[PDB]
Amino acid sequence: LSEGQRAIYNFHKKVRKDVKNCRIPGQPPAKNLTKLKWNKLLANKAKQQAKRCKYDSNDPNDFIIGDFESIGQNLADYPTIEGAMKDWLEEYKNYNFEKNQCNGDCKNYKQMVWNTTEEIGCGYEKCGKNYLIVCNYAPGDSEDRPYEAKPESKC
């Protein structure tokens, strides 16, 4: 993994560890989340997409990757990788787990804490001032809640 790739991978590991341990503010802790494994095919497809330097593109070809049945995707148009990661994460401020409802945009946060997601790979390209960052996830998420809650005492 590149420098950026490794940082994006660890930031996702850390978010998922945090949500299991009451460390995402105002969000119930998660009972279980599959461990993410990096996947080279997701990462390369992410990278071919990000090299176009088009944020909206999307393009259902970008969602057909090897044999995966379902692919989710988070996109960021941002001057730094860490800023992008933090922007996706803090969408947790908009998300109500009990009602499964969102005020504004929750899609990036929900995909990061999606309990059945197993494979991740991410790709980014410098496109002028900013990066286009593409993360692909397998399986992708749905409109449901991201995980099963567990009692905050188990933290």
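For every residue, the number given is its place in the sequence shown, counted from 1.
- When 57 to 65 is weighed against 86 to 94, 57 to 65 comes out higher, by mean CA B-factor as recorded in the entry.
- The stretch 35 to 43 shows the higher mean C-alpha B-factor when 35 to 43 is compared against 109 to 117 in the entry.
- In this structure the maximum Cα B-factor among 30, 122, 102, 50 is found at 102.
- In the deposited entry, the Cα temperature factor of residue 8 sits in the bottom third of values across the chain's modelled residues.
- In the PDB entry, residue 21 places in the highest third of its chain by CA B-factor.
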